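Protein chains in written order, with full-length UniProt numbering: chain V, 3 to 170; chain W, 18 to 527; chain H, 17 to 88; chain G, 2 to 388; chain Z, 2 to 389. Virtual Cβ for every residue (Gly too), placed ideally from N, Cα, C.
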Amino acid sequence: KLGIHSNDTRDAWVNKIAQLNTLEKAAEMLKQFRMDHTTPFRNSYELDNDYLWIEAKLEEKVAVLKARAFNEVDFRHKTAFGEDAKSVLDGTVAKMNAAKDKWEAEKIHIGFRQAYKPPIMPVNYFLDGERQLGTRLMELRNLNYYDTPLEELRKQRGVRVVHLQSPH
Amino acid sequence: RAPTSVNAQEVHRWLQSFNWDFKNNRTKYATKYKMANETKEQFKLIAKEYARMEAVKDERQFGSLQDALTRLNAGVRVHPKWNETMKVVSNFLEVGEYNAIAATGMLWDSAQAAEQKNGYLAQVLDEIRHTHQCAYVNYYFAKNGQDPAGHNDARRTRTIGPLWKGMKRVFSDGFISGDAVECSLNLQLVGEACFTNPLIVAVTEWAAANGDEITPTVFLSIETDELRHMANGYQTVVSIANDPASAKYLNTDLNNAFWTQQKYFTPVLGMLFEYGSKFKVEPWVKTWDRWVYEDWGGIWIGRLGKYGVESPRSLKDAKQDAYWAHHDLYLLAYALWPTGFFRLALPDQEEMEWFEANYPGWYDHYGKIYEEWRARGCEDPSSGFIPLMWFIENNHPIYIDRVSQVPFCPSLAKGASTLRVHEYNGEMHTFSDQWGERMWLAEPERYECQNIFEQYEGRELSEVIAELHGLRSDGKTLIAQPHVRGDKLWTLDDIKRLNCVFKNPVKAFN
Amino acid sequence: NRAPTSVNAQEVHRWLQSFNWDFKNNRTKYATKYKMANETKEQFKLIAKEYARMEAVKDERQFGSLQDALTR
Amino acid sequence: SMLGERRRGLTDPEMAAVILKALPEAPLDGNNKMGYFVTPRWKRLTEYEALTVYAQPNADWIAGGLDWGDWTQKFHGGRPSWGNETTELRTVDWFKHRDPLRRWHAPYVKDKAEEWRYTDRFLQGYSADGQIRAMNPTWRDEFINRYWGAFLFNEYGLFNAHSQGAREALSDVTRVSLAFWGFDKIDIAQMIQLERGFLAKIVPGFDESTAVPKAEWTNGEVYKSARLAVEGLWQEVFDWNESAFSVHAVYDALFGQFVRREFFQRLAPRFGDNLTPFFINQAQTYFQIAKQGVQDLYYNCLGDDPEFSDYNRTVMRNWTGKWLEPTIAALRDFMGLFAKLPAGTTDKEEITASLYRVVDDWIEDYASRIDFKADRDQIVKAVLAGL
Amino acid sequence: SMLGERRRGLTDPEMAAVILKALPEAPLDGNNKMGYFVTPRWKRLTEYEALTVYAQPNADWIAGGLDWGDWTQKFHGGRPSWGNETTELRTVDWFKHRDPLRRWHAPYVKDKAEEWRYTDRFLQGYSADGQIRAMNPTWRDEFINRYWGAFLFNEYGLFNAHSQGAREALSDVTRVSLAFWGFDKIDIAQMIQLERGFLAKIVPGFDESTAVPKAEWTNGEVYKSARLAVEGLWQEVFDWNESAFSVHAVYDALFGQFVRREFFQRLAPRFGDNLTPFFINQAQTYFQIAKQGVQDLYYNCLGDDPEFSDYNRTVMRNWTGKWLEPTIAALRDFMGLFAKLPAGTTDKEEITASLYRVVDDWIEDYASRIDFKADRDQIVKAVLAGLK
Ligand SMILES: [Ca+2]
Ligand SMILES: [Ca+2]
Ligand SMILES: [Fe+3]
Ligand SMILES: [Fe+3]
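What follows is the structure in structure tokens.
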């Protein structure tokens with residue numbers, strides 16, 4: 003029942019995945035799963051301890067299905083959603099360069115991962131985007147990194163300060 | 018017809034020209050900097066010659082180990098406290114050596130000048146040499162030592178405890194995750210230059226003082242390879258000194274790198290040295306000040322000033338929080354002793370005198386607590402007592418810093434006692450200092466590491482230990498122990514009876 | 017068949033006895049009252065290359081211990 | 002002082018006594034086998050396995066890991082230190098691979114150092130024995146300085162192709178093999194330059210500058226497609242397995258094997274050249290060493306993975322088809338070098354036969370393992386169009 | 002037990018204390034240089050010199066010795082353990098020699114072991130790369146198995162020629178060099194047999210038995226005079242220096258260099274053979290290594306001895322004339338092997354040129370050092386007569 007590597011929650015998902023036999027169904031589930039359980043913007047933290055492992059087991063299924071459904075050219079250049087990988091990449095890099103501030107940038111980069119992380123997008127384009135997007139994100143973030151005082155920064159991040167303690 | 022040949026430098030002379038220009042000849046990794054594609058490496062080496070100088074070093078090392086040292090039974094005549102300490106020191110360093118492999122491979126990709134790529138490449142292979150050397154130390158102590166457990170399975174038993182998490186931050190992820198240049202500062206400009214190089218020698222001193230001649234033999238060999246990793250970290254700053262982005266980003270990444278590293282080693286190395294040994298070499302306070310403040314923060318950082326490099330802004334903070342950091346941490350490490358893969362011991366009297374002598378105020382705080390604990394029978398398996406219980410009873414919660422992973426107890430600490438708790442999108446986060454807090458606020462998606470309390474929540478202690486194989490060959494006795502004697506070792510059962518169940522200390526702010 | 021193969025000491029030593037051949041003055045240059053059977057066999061099937069290798073391995077340890085741990 | 006200031010716990014009476022007094026009567030555990038929990042590939046666990054397997058701190062979410070939880074610090078954007086997202090290949094366990102030569106660092110530098118020291122001895126014997134006399138000037142100044150010399154950039158580029166793998170590899174066993182495969186390539190490239198530097202010392206007029214061979218590589222015709230395929234394998238592929246697989250199981254198994262063995266190794270002798278073959282002997286030893294590792298990873302572990310065998314073979318067939326073409330183009334352009342040879346050096350028959358050897362060995366050791374349907378006549382004929 | 006029964010003086014508290022207590026405050030002499038009294042050949046004394054020079058207990062009555070008095074036990078009849086009577090050469094000091102490569106045991110086995118281990122690697126790469134395919138069957142089954150194979154007995158015999166020198170050498174430095182010169186010869190001979198054994202494993206029909214090559218050596222024509230010269234250098238010469246000198250500075254410098262380099266190394270390539278050349282590379286490395294030592298002993302030390310320079314050069318000229326003839330005979334009979342090669346393999350011009358290379362290098366490195374007046378045209382023409 004309870005376990006770190008093996009538990010009821012994980013077994014639950016293994017079965018749900020064994021029931022996906024369509025590239026479209028499975029691919030859709032993965033993108034949804036990523037929206038619901040990954041990144042600081044996840045819809046909920048209920049699977050915080052198993053999402054990483056579960057997501058991989060899900061990618062496995064989308065990968066096998068995609069390989070059997072796509073032809074060679076498509077497997078190399080199309081996303082599991084039928085989109086043209088290069089178009090998506092170039093498109094997302096376009097918006098990233100049209101980013102006005104570090105807050106808009108992080109949204110583009112993080113959303114890109116939730117939507118196109120392999121086996122959705124082909125790794126070649128993905129990691130290529132990963133390099134272009136990440137570079138811009140940092141340029142914006144590390145510029146005058148310490149100017150905004152913590153009091154203000156906490157407000158920009160929009161966190162809920164639950165407690166503060168400081169003898170100095 | 019005179020006998021002639023060709024050496025390394027005679028070929029290296031043309032290595033810079035090996036790389037050629039073309040369209041996509043650029044880094045595959047995100048970076049805010051631009052490494053001059055004309056940078057030069059300090060050591061004119063080629064694969065053949067590199068192999069030869071490393072092989073000569075191996076002969077001595079392994080020769081001493083397989084021969085004289087084995088005949089002298091050096092794997093045994095070591096102080097028990099140290100045999101345990103080396104389980105942590107060697108395996109924890111092993112991953113630093115190992116992630117440095119991937120890290121310098123990433124830098125070799127980042128470099129554009131053929132000579133700078135080659136410089137990093139030499140380290141790529143060194144780090145493999147060091148991963149295997151550190152591995153050999155545990156291998157040797159397992160095969161010939163007084164207690165193989167831990168030495169023989171740290172690669173998996175280390176996952177049970179909280180000290181490992183913090184280790185992965187400064188020597189694993191801090192080495193490969195982020196801007197290539199940021200990682201380089203973590204690994205080379207700070208990690209190796211400030212801590213690793215001086216540390217490796219320090220460890221050999223403490224080892225020798227406690228009967229351990231194995232580590233000196235291996236680590237002094239690893240040490241000979243470090244002057245190359247310094248030149249690489251130095252040449253990283255040169256390659257980017259003329260880029261305009263450098264005057265904007267360099268010092269920020271350097272400051273974050275400095276803090277990241279010191280946050281973990283300042284309290285961990287001092288703890289391992291002073292508490293994991295019987296014979297002392299020198300007070301950690303004095304050691305730290307020389308390494309971090311003088312030699313690095315002053316001498317090494319001063320020479321890079323002509324490249325726009327300045328002293329880390331968090332230097333004073335680091336210094337002021339440092340004084341008691343290691344003493345504050347051992348309390349937590351010992352209190353959570355069942356979560357380790359090594360046996361810990363409480364300070365004997367001679368040691369307590371030494372501590373008070375070198376750290377005035379030590380006895381009234383830590384000293385008395387340890388005596389209180391020993392009195393309740395923390396060392397005896399029939400006492401049904403574990404220091405963790407003492408923390409609960411006296412309302413002293415222990416938190417895990419969301420960023421550095423360093424365990425901290427603000428209600429009892431003598432060093433830093435700050436605590437910042439935030440909630441963001443349905444999750445609570447705990448911070449121990451202002452620098453780590455800024456890092457998270459600005460880069461929340463870089464730090465989502467689950468802490469032990471989160472993962473072990475609602476779990477009974479003995480079950481987590483058994484699940485993660487924290488037992489000896491008898492499947493009965495624990496690897497970890499609250500004393501280093503040969504009798505009365507705690508068994509899984511002794512832990513189960515305590516009926517200790519983990520709680521997420523943050524849920525209380527609810 | 018292009019399987020990785022080589023040849024070791026004994027595989028060559030097998031034919032070492034045949035290296036010597038018969039001829040007039042093929043005899044000892046030293047005075048002796050005895051006659052050593054010219055078909056005697058040695059116990060260890062060694063060749064120069066292999067001899068060197070086993071002695072060199074032994075040297076590594078020895079000198080390693082001396083130049084390193086023992087000096088320290 | 003003769004005795005030294007620092008007292009050691011192993012030899013200092015007072016300190017050693019304290020230590021001995023604290024020792025237990027016997028080891029606190031009889032299992033003195035470090036890495037005892039690792040599944041042995043062979044009869045007994047090997048030193049190579051004990052010192053390597055599981056050194057990479059992977060968590061269970063990366064096939065085979067033993068740790069748990071996310072990385073402590075990630076890339077801006079959220080990209081993990083190591084993740085399943087860096088390669089299309091999937092497996093039940095990334096730590097399954099084993100280098101058949103069982104090479105960890107020590108043995109690796111030991112073997113290479115032996116080769117280096119002998120290489121030194123060889124050159125000194127060669128120069129003193131005055132063998133350079135019997136070597137044809139044209140072959141020397143033309144095919145060695147220019148064309149063999151240009152091939153160094155080919156090996157150099159293949160070397161660099163491994164940079165990202167060194168960083169992304171998903172397990173220690175794979176990372177170490179990969180690192181060694183590439184380190185051998187840079188070595189070969191440096192050995193090519195070592196020969197040119199050696200000739201410069203014994204041939205009064207031989208310029209060792211990399212200028213000529215580099216110009217041949219950058220702007221020549223012979224290696225144009227070869228260079229185009231290299232620039233592609235190196236800088237256009239972001240998947241670490243596609244890089245290693247395509248380089249070793251496609252490009253270098255065909256183009257590289259032909260140039261090294263079927264051209265220079267085969268012809269240098271015919272020109273009084275016993276020098277170059279000395280070095281090509283090393284490159285071929287290295288090639289055959291790397292092949293054992295490449296096969297074990299892509300065929301024995303991945304291609305035959307009990308769960309993703311099908312999937313993986315599909316992907317590798319895809320990659321073979323993707324790179325077989327540029328590789329054929331490289332061979333074709335290379336055919337142009339035979340027209341430069343003095344008349345009667347070789348004929349279209351020898352050239353075709355040697356090409357068939359390279360292609361048959363390739364179908365032999367690589368293509369057939371993933372069931373890639375290869376047509377030998379087609380490939381050879383396509384390359385033949387180059388003469 | 003875990004601690005062991007035997008107590009050691011370096012680690013046992015009680016015993017170590019007793020030891021430390023008896024030590025002096027500092028060394029009783031600051032001269033910690035073993036062999037400090039030896040005259041250095043180079044700027045500073047070398048490890049090679051310290052560990053070697055004067056290990057032989059010679060008395061002053063044997064040029065260079067430091068001991069005094071007769072041997073303690075001699076041969077029946079009175080013959081000394083070592084004496085001036087075992088060689089015609091004379092010198093002011095038998096310990097003057099120095100191996101330019103400074104080889105003492107450790108370095109020697111180290112280098113050879115490296116070569117052995119790489120040889121293993123090489124063969125495994127060669128067999129796996131399937132290069133044997135491109136090799137001509139006739140060259141393989143004929144010239145390698147029979148003629149190259151027969152040459153092993155030549156090297157084996159040259160090896161044995163050193164047996165008496167190993168025993169009679171008048172100094173450590175000379176004995177060690179001599180020993181190494183001969184050990185390299187047996188190695189080469191065994192490498193020839195290793196190649197034939199290797200071919201037997203990859204060529205379905207190749208018999209590694211030494212029968213064929215041995216019959217070629219014992220009853221053939223190609224190597225008849227070669228074998229006659231070898232049997233002579235080995236069993237008819239009782240002077241240890243004449244043996245070493247004649248073998249290396251005459252026979253092997255002419256006949257050996259021609260066969261190894263001018264025949265097999267030169268032609269094997271032309272037949273798709275890259276195997277044999279791998280081994281010949283070693284033999285040539287060894288040859289060039291030994292030559293440095295041979296030159297230093299017979300030319301720099303003896304031929305230029307400040308007291309017996311004249312005498313020694315006379316004796317070596319005598320030996321060169323004594324063995325140059327049998328060596329020429331060996332080369333002549335060997336010429337018979339070219340008639341066996343397929344047509345067009347090589348012509349009389351290439352053969353003459355290669356012979357002139359061997360003779361010119363010989364006059365170069367050896368004959369001219371002792372002022373032996375050698376006529377290149379004469380020598381070559383005499384050998385040329387052997388061409389069928
Ligand atoms: Ca005859
Ligand atoms: Ca002609
Ligand atoms: Fe290291
Ligand atoms: Fe390092």
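Starting from residue i, follow the beta strand (DSSP E) in both directions and report where the run begins and ends.
i, result
"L4/G", "First-last for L4/G: undefined, no H or E at that position."
"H439/W", "436-441"
"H446/W", "444-448"
"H165/V", "162-167"
Alpha carbon to alpha carbon, how far is residue j from residue i? Give it in angstroms, no decimals.
i, j, result
"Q293/G", "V177/G", "14 Å"
"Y109/G", "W182/G", "11 Å"
"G206/Z", "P138/Z", "11 Å"
"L135/V", "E465/W", "20 Å"
"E71/W", "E144/W", "12 Å"
"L102/Z", "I281/G", "28 Å"
"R99/G", "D10/V", "34 Å"
"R143/V", "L82/H", "56 Å"
"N54/H", "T44/H", "12 Å"
"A17/Z", "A18/G", "11 Å"
"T47/Z", "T12/G", "33 Å"
The alpha helix (DSSP H) that contains residue i, what's its start and end?
i, result
"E71/H", "64-83"
"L142/W", "131-161"
"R156/V", "152-159"
According to the neighbour-count rule (16 or more other Cβ atoms, all chains shown, within 10 Å of its Cβ), is residue i buried or exposed?
i, result
"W62/Z", "exposed"
"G70/Z", "exposed"
"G319/W", "exposed"
"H77/Z", "exposed"
"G160/V", "exposed"
"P151/V", "exposed"
Below 7 Å, is the gap between the Cβ of residue i and the nearest heavy atom of ligand 5?
i, result
"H246/W", "In the structure shown, ligand 5 is absent; the only ligands present are ligand 1, ligand 2, ligand 3 and ligand 4."
> Curious, which full-length alpha helix (DSSP H) runs of at least 4 residues does the segment 87-147 of chain G contain?
Replying inline: 106-129
> Taking a cut of 7 Å between CB atoms, which residues from the segment 40-54 of chain V lie near chain W?
Replying inline: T41, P42, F43, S46, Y47, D50, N51
> Hey, which unbroken runs of the alpha helix (DSSP H) at 4 residues or more fall wholly within the segment 10-57 of chain Z?
Replying inline: Within the segment 10-57 of chain Z, the alpha helix (DSSP H) runs of at least 4 residues that lie entirely inside it are, in chain order, 14-23, 48-53.
> When Cβ atoms are compared, which residues of the segment 42-64 of chain H fall closer than 9 Å to chain Z?
Replying inline: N42, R43, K45, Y46, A47, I63, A64
> Hey, which unbroken runs of the alpha helix (DSSP H) at 4 residues or more fall wholly within the segment 6-85 of chain V?
Replying inline: 10-20, 25-39, 53-71, 74-79
> Listed from N- to C-terminal order along the chain, which residues in the segment 209-242 of chain G have their beta-carbon within a distance smaller than 7 Å of any beta-carbon of chain V?
Replying inline: Those residues of the segment 209-242 of chain G placed with their C-beta closer than 7 Å to a C-beta in chain V are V238, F239, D240, ordered along the chain.
> Given a limit of 9 Å on CB to CB distance, which residues of the segment 342-365 of chain Z reach chain W?
Replying inline: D362, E365
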